[PDB]
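In: The data below comprise the sequence and an experimental structure of the protein.
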Amino acid sequence: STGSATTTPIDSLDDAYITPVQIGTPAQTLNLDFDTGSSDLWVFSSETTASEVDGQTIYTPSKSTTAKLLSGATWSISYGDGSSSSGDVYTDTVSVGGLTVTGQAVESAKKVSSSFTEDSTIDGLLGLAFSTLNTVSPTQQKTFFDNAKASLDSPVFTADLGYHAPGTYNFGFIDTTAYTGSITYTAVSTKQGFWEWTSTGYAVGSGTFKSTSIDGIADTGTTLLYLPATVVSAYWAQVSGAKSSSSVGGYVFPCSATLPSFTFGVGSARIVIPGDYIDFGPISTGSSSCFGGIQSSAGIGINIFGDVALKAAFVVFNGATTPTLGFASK
């Protein structure tokens, strides 16, 4: 089998992407944030504290003839950005882009943090990291990809995120029309439960390539590119007037600037992030200070190849017995 679904930016800055997901019978369609950095499929629901729901579409398991309470199971998750959610668990039929899994753990939120409530466009998350990170207790549950894998034509999914435009998540096949040149594959460590890999270096604008190993994760659920402070300082030094602002929480730059590109290495291959992808707009309405899309990972504890980086590429998440990652230009 295969599946193919369009993913759409939630706003004009590509702060996140939402993908429609069918849950239950008859189908209830919710717009979920596909997150290769976590492993829980959780939704706003009829069980979510009413004051914490503001415009989201909810899953109502009592209206689904295929929903079953997973008795005794609970979940609770905290994300890198400090947001969180928790609740109980149902199993139900879940379909993405024509690909159907029966018996999928659908984690129903009883509580969500303010960041989730305040974002009316995201109805929940669909985790695509390794199932070892799943938070369901006392019986850990599998991700949608893990459940689908044996049925797929090939044990892979791909992310093709757009810049200020829709893109695609495919399951079970590699669309050879969706990228230019060849896909370069690189080793993955699953030791921390992430799609963790090692970039071979970077360049700033038209500058020379610096060969240096940068360990990080491919994370579709993180907006920005988070790299070591040395690398990030070298980037922003090429933008007149750019500075790290502790009050804003990262590097900012004059909105009048033209940003240089940023290149990262994948083996001997190179992915070029255009300068425009690094512009996250005014820090507040009307300001002439703009937020940068490349930020320091210092104090995160890990480097993160988030959407800023991934949207410059066609990315293969290969879930073979020994997983790998593939990157192509597009």
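Out: Structure's in. What do you need? Numbers count the residues shown, from 1 in each chain.

In: so who does the residue nearest to residue 256 when sequence neighbours are not counted touch?
Out: Residue nearest to residue 256 in three dimensions, not counting chain neighbours: residue 288, with 7.1 Å by C-beta to C-beta, 6 or more residues apart in numbering. (Each C-beta comes from the backbone N, C-alpha and C, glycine too.) For residue 288, the contacting residues are 254, 255, 256, 282, by C-beta atoms under 8 Å, 6 or more residues apart in numbering.

In: Could I get the contacting residues of the second one?
Out: Spelled out, that is residue 255. Counting by C-beta under 8 Å, 6+ apart, residue 255 has contacts 281, 282, 287, 288, 289, 290.

In: do the first one as well
Out: Each residue near residue 254 by C-beta under 8 Å, 6+ apart is listed here: 239, 240, 241, 242, 288, 289, 290.

In: Residue 42 is in contact with residue 105, isn't it?
Out: No. Between residue 42 and residue 105 there is no contact, the gap being 9.4 Å when judged by C-beta atoms under 8 Å.

In: more crowded one of the two?
Out: residue 42 (28 against 25; other C-beta atoms under 10 Å).

In: Look up how far residue 94 lies from that one.
Out: According to C-beta to C-beta, to the nearest Å, residue 42 and residue 94 sit 12 Å apart.

In: Over to residue 70?
Out: In terms of C-beta to C-beta, residue 70 sits 14 Å off from residue 94.

In: Could you report the neighbour count for residue 203?
Out: Residues contacting residue 203 under the criterion other C-beta under 10 Å number 19.

In: I'd like to know how far it sits from residue 270.
Out: Distance of residue 203 to residue 270, computed by C-beta to C-beta: 8 Å.

In: who touches both of the two?
Out: 209, 263.

In: farthest pair in the contacts of residue 288?
Out: 256 and 282 (11.7 Å; C-beta to C-beta).

In: When the two are compared, which one has more neighbours?
Out: residue 282 (13 against 9).

In: List the residues that contact the more buried one.
Out: Contacts of residue 282 (C-beta under 8 Å, 6+ apart): 255, 288, 289, 290, 291.

In: Let me know the next secondary structure element after the strand or helix carrying the fourth one.
Out: Take DSSP states H and E as the rule and residue 290 turns out to sit in strand 289-292. Reading on from strand 289-292 to the C-terminus, the next helix or strand found by DSSP H and E is strand 294-296.

In: Spell out which residues make up each domain of the protein.
Out: Following curated CATH domains, one finds the domains of the chain at 5-174, 175-330.
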